[PDB]
Amino acid sequence: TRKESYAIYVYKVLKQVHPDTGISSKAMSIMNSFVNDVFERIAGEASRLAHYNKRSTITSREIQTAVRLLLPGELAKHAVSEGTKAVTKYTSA
Amino acid sequence: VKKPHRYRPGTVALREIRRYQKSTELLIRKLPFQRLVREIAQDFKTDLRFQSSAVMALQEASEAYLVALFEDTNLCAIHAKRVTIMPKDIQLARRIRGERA
Amino acid sequence: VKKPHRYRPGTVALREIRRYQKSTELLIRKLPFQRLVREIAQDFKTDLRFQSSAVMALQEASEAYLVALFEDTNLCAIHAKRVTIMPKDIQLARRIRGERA
Amino acid sequence: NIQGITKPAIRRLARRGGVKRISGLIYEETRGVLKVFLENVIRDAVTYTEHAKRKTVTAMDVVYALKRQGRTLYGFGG
Amino acid sequence: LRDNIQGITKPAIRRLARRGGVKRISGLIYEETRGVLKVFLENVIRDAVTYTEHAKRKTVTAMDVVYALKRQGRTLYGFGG
DNA sequence: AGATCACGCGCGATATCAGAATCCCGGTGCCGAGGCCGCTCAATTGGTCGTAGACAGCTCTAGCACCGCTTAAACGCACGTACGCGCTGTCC
């Protein structure tokens, strides 16, 4: 059957960061688990934010606030910049 | 001739421990702590207003955290065969708690 | 008339510290830990099966927890002006962490 | 302003914590620790209030901020 | 299965301490460490078996252990999840 | 009796005689990773309808602010005692 994962996307990111660097299967699994964990954290915080504000929808604003809460200082700043730039690119296209 | 009733050092300390573990009122004066909270907040956002209950909640959480920290600090000092808490005791308590790196 | 080459006490300990902080392989033997896991699980449900991956995950989690606990224990032992970790050190580490009451 | 956390106030907090004897330098260390804790909690609270588009920090924002850090607080409409 | 906690030998605890940066280990440390390990394993396997029972399975899967650790606040990477 | 020189003893540093453990260099076989292929399921495109959220107006509650008293509490100062800290020796 089909077991979905983030293997291919993490590999694309890796080859875009270190084109001559591979990743082992165990490291692949660890990275996939990390992506799932951060997804759960951000999504749960966004859900809590929506619930607190009596709001029924998770918008990009909720995800941004969840990122600002979850991540530390510099990581939060850079992640927010990346997210806003990606959303702007998406809206333009 | 005359002599004051000075309690042996460490006795009034025990009396104060008993008095303050038996009570529940907040031990930091309200107004200075409120001013401190406002000053810390003004770094993050300007022209902020605070609900009185918000500052009270901050004070309760802060005092509870400090009391627990001092409990762990006292345990650390006693572990070192001492009776006085010293900054290294707080540092070890925070490091073991996972608070300070 | 020759004497063997005995390293001074504390030298091989440091060499072992370096070796085991450099490596990553599990330090507890696998079969004894698996037997322990099954014995502990026998008190919650009988005739249980364990995926080899499940036992490996338990071993990794336990070893990581014990290594972190020993780091905290060493910190407390040094805090007491000692070099040897003693059970009181583990107890203090657990008490400050919040694990032990 | 951080000095508004007076020496006697830290003495009282230590006493309620069961501390008998307090070193001279414990007060500055405690002021620093309290400042760090308040910085974290108030940063999270202000994040919550900004996300709600409010200029007032409500007790609920503080309660949520504390709950975030694993310091759940009861008695303020949790 | 009887007396398997002693399977966590003295040298194994020594190795774990060394990885923790410990230079000198008291003799009494080994029994205390065995007790601590037993408590930790009891706390984890309890939740793992709870998850297994809820799924109506006779086999404890690695994902049950991962869920238990995540519940206790010890998220583990490298075994799924 | 004091100063200088020579010899002996004690301490520090380097070398060394060794030998021990680690790291490194090379060859080797492996299996784990990267890649290509085929199939299909999940994501994309297009369209609808409905309600969730955005926005404007109004209300009034609560926050801010200010003043003035009073008085609890902080601050300051001093004496001293007992606790921290260093040094030392013994035993395990």
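These numbers come from the heavy atoms of this one structure, side chains and all, not from hydrogens, waters or symmetry mates. All chains are named by letter (A, B, ...) in the order of the sequence lines, taking the proteins before the strands, and each is independently numbered beginning at 1.
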Worksheet item: Is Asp89(C) salt-bridged to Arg82(C), cutoff N-O under 4.0 Å?
Response: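 Judged by the 4.0 Å cut-off on N to carboxylate O distance, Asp89(C) and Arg82(C) do form a salt bridge.
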Worksheet entry | Charged N-O contact under 4.0 Å between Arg19(E) and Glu25(C) |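 The answer is yes: the pair qualifies as a salt bridge.
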In Å, rounded to the nearest 0.5 Å, how long is the span from [atom1] of [X] to [atom2] of [Y]?
| X | Y | atom1 | atom2 | result |
| --- | --- | --- | --- | --- |
| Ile78(B) | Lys88(C) | CD1 | NZ | 10.5 Å |
| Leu58(C) | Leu76(E) | CG | CG | 9.0 Å |
| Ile96(C) | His79(B) | CD1 | NE2 | 8.0 Å |
| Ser23(B) | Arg15(D) | OG | CZ | 13.5 Å |
| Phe70(C) | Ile90(C) | CZ | CD1 | 5.0 Å |
| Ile85(C) | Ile25(E) | CD1 | CD1 | 5.0 Å |

Expected output: side-chain [X] to main-chain [Y] donor-acceptor under 3.5 Å:
| X | Y | answer |
| --- | --- | --- |
| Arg12(D) | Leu27(B) | yes |
| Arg54(D) | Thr56(D) | yes |
| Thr52(E) | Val49(E) | no |
| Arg29(C) | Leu31(C) | no |
| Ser26(E) | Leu28(E) | yes |
| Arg31(D) | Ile5(D) | yes |
| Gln51(B) | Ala59(D) | yes |
| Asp72(C) | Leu69(C) | no |
| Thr11(C) | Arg8(C) | yes |
| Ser47(A) | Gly44(A) | no |

Do you know which two heavy atoms are closest between [X] and [Y], and how far apart they sit?
| X | Y | result |
| --- | --- | --- |
| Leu36(C) | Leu41(E) | CD2-CD1, 3.5 Å |
| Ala77(C) | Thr84(C) | CB-O, 3.6 Å |
| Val66(E) | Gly80(E) | CG1-O, 3.9 Å |
| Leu69(A) | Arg68(D) | O-NH2, 3.7 Å |
| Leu48(B) | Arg38(B) | O-NH1, 4.1 Å |
| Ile30(A) | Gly78(E) | CG1-CA, 3.6 Å |

How about [atom1] on [X], more than 12 heavy atoms from neighbouring residues, nucleotides or ligands closer than 6.0 Å, or not?
| X | atom1 | value |
| --- | --- | --- |
| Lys70(E) | NZ | yes |
| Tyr52(A) | OH | yes |
| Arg46(E) | CZ | yes |
| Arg100(C) | CZ | no |
| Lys26(A) | NZ | yes |

Discussion item. Under 6.0 Å from the ring centre and within 45 degrees of the ring axis: does the NZ or CZ of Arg11(D) meet both conditions for the six-membered ring of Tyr20(B)?
Written reply: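 No cation-pi geometry.
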Within the 4.5 Å heavy-atom criterion, are [X] and [Y] side-chain neighbours or not?
| X | Y | result |
| --- | --- | --- |
| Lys35(D) | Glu39(B) | yes |
| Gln91(C) | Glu32(E) | yes |
| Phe33(C) | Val37(C) | yes |
| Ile13(E) | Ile28(C) | no |
| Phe79(E) | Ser29(A) | no |
| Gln34(C) | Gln59(C) | no |
| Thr73(B) | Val19(D) | no |
| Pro32(C) | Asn4(E) | no |

Discussion item. Is it the case that the side chains of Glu60(C) and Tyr77(E) hold a donor-acceptor pair, with the cut-off being a distance below 3.5 Å and no angle test?
Written reply: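 On atom types as modelled, these side chains do not qualify, holding no pair under 3.5 Å.
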Item to complete: Answer with yes or no whether the side chains of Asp61(D) and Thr58(D) bring together a donor and an acceptor at under 3.5 Å.
Response: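 Indeed, the side chains of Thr58(D) and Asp61(D) share at least one donor-acceptor pair under 3.5 Å.
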Item to complete: List the steps and the verdict of salt bridge (charged side-chain N to carboxylate O under 4.0 Å, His left out) for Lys30(C) and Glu63(C).
Response: CA-CA 12 Å; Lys30(C) 276 182 223 329; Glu63(C) 269 193 339; over 6 Å; no
Practice prompt. Verify side chain to side chain contact (heavy atoms under 4.5 Å, CB included) between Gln3(D) and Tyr27(D), making sure each step is shown before the conclusion.
Written response: CA-CA 10 Å; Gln3(D) 305 291 351; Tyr27(D) 308 111; over 6 Å; no
Item to complete: Could you give me the CA-CA distance, side-chain angles and deciding distance for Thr75(E) and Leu69(E), then say whether side chain to side chain contact (heavy atoms under 4.5 Å, CB included) is met?
Response: CA-CA 6 Å; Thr75(E) 321; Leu69(E) 296 160; over 6 Å; no
Practice prompt. I would like to know whether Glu53(E) and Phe44(C) meet side chain to side chain contact (heavy atoms under 4.5 Å, CB included); could you show each step before the answer?
Written response: CA-CA 10 Å; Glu53(E) 280 188 311; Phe44(C) 306 122; over 6 Å; no
Practice prompt. Carefully, step by step, assess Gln21(C) and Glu16(C) under the rule side chain to side chain contact (heavy atoms under 4.5 Å, CB included).
Written response: CA-CA 8 Å; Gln21(C) 296 191 322; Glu16(C) 277 176 17; over 6 Å; no
Item to complete: Please state whether the rings of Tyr51(E) and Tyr67(E) are parallel, tilted or perpendicular, taking 30° and 60° as the class boundaries.
Response: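 The rings of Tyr51(E) and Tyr67(E) sit tilted, inter-plane angle from 30° to 60°.
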